[PDB]
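J.: So in this note's numbering, the last one in the sequence shown is 1180, and the numbering has no gaps at all.
Beta carbons: idealized from backbone N, C-alpha and C, even for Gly.
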Amino acid sequence: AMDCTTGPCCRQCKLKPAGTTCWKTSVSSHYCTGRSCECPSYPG
């Protein structure tokens, strides 16, 4: 509907700082590459 890309790495539209773990689960955790809201599937 918009170019905000609603995701864990995005509040209303802006994307979390590059290097901010959006998802912190026991199985794994995603980070933010300051690019898109879609939390990549490449843990660290």
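In the DSSP assignment, what residue or residues form a beta bridge with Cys-1146?
T.: Here the question's residue 1146 lines up with position 10 in the sequence shown. Paired residues: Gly-1143, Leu-1151.
J.: Work out the CA separation of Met-1138 and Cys-1149 for me, nearest whole Å.
T.: Here residue 1149 is taken as the residue at index 13 of the sequence shown, counted from 1. Here residue 1138 is taken as the residue at index 2 of the sequence shown, counted from 1. Distance between the alpha carbons of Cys-1149 and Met-1138: 9 Å.
J.: Am I right that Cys-1168 and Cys-1145 are in contact with their C-beta atoms under 8 Å? What's the rounded C-beta distance?
T.: On the sequence shown, residue 1168 is found 32 positions in, with the first residue counted as 1. On the sequence shown, residue 1145 is found 9 positions in, with the first residue counted as 1. Yes, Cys-1168 and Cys-1145 are in contact; Cβ-Cβ is about 4 Å, under 8 Å.
J.: Could you pull out every residue in the same chain whose Cβ sits closer than 7 Å to the Cβ of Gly-1170, ignoring the five residues on either side in sequence?
T.: Within the sequence shown, the letter at position 34 stands for residue 1170. Contacts found: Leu-1151, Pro-1153, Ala-1154.
J.: Could you compute how far the alpha carbon of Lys-1160 sits from the alpha carbon of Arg-1147?
T.: Locating residue 1160 in the sequence shown gives position 24, where the first residue counts as 1. Locating residue 1147 in the sequence shown gives position 11, where the first residue counts as 1. Spanning the two alpha carbons is a distance of roughly 17 Å.
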